[PDB]
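One structure below.
Positions of Cβ are generated from backbone atoms using ideal geometry, with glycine treated the same way; all protein chains shown enter the neighbour counts. Every read-out reported here was derived from the displayed coordinates using simple, explicitly stated rules and does not represent laboratory data.
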Amino acid sequence: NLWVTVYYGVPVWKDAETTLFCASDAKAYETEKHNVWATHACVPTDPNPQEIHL
Amino acid sequence: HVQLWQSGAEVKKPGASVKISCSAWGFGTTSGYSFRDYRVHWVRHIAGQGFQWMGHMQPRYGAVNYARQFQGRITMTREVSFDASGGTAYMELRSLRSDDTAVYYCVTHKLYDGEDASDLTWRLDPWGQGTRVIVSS
C-alpha cells in the first residue's frame with residue numbers, strides 16, 4: 001500500500017515572471033554625486049556573491 | 001576633494017580694513033556633503049606666536065561665531081552657490097593694527113571624499129593657501 005506524503009522545500013522550480021529589484025556595490029557610486037540610474041535606492045549587495053552550482 | 005583657494009596678499013595701514021576671500025569647491029550636492037553643512041573656520045598664524053583661532057562661519061544660514069579677542073571688529077559672510085557644492089567665504093577685519101600682520105588661513109573639516117563629517121567640525125584638513133596680510137606704516 002501507498003499513502004500521500006507531502007514534502008515542503010523540494011528543489012522544484014517552474015518558469016515564471018516576477019519583479020526583479022536592484023542591488024549594487026556601495027563603492028561603485030561615489031555616494032556624493034547623483035546618477036541618472038539611481039544607485040543609492042538600490043539595496044546594498046552582499047560582498048560575497050552566493051552562487052550555487054547544480 | 002575639497003579645495004580652498006584664498007585671495008592675494010594685501011598690504012594695509014593701521015586703521016584700515018582687509019577682506020580676504022576663500023573660494024571653496026568640490027564639496028558635493030547631497031545633504032551632509034554640501035557647502036551648507038561644513039563650517040569655514042578662520043585661523044591666524046602670527047610668526048612666532050603660533051596659530052590662533054579667529055572664528056568659524058556655518059554656510060547654511062551664515063551663523064558666525066567670533067573669538068573673544070576679535071568681537072566687534074571681524075565679520076564673516078558667505079556666497080554659497082546654487083548647487084551647494086561650492087561657495088566663497090569672506091572675512092573682514094575692520095580695525096587692522098600693527099600686531100595683526102600674519103598669514104590668514106580658511107579651513108574646513110572634510111577629511112575624506114566619502115565621509116559625512118558635518119558634526120565633527122575640528123578636523124581641519126582643507127587649509128587654504130594663506131593670505132599674508134601686512135599692516136604697517
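Among B:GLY72, B:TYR105, B:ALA84, pick out the residue whose Cα is farthest towards the positive end of the charge dipole of chain B, where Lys and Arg carry +1 and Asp and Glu carry -1 on C-beta, about the Cα centre.
B:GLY72
Could you sort the peptides A:7-15, B:35-43 by per-residue average Cβ neighbour count (10 Å cutoff), highest mean leading?
The peptides rank, most packed first, as B:35-43, A:7-15.
Arrange the following residues from fewest to most other Cβ atoms within 10 Å of their Cβ: B:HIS56, B:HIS45, A:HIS53. Before the final figure, lay out each step's value.
Details: B:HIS56 24, B:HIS45 16, A:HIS53 3.
So the residues, fewest neighbours to most, are A:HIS53, B:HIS45, B:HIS56.
Which order do B:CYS22, A:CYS22, B:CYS106 fall in if you start with the one that has the fewest other Cβ atoms within 10 Å?
A:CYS22, B:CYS22, B:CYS106
Treating only the Cα positions of chain A as identical point scatterers, give the base-10 log of I(q)/I(0) from the Debye formula at each q in 0.21 Å⁻¹.
Here log10 of I(q) over I(0) equals -0.96.
In debye to the nearest 20, how big a dipole does chain B give about its Cα centre with +1 on each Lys and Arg Cβ and -1 on each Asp and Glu Cβ?
So the magnitude is around 640 debye.
Based on alpha-carbon atoms only, what is the radius of gyration of chain B relative to the globular estimate 2.2 N^0.38 Å?
Computed over Cα atoms of chain B, the ratio equals 1.02.
Calculate the dipole size of the protein assembly as shown relative to its Cα centre from +1 charges on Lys and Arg beta carbons and -1 charges on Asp and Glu beta carbons; express the result in debye to the nearest 20.
Rounded to the nearest 20 debye, it is 1420 debye.
Label points 7 Å out from Cα along the Cβ direction at B:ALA16 and A:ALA28: separation in nm?
5.7
To the nearest 20 Debye, how big is the dipole of segment B:1-59 about its Cα centre, given +1 on the beta carbon of each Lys and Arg and -1 on that of each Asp and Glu?
Values: 6 positive and 2 negative charges, 41 e Å.
Here segment B:1-59 has a charge dipole of around 200 debye.
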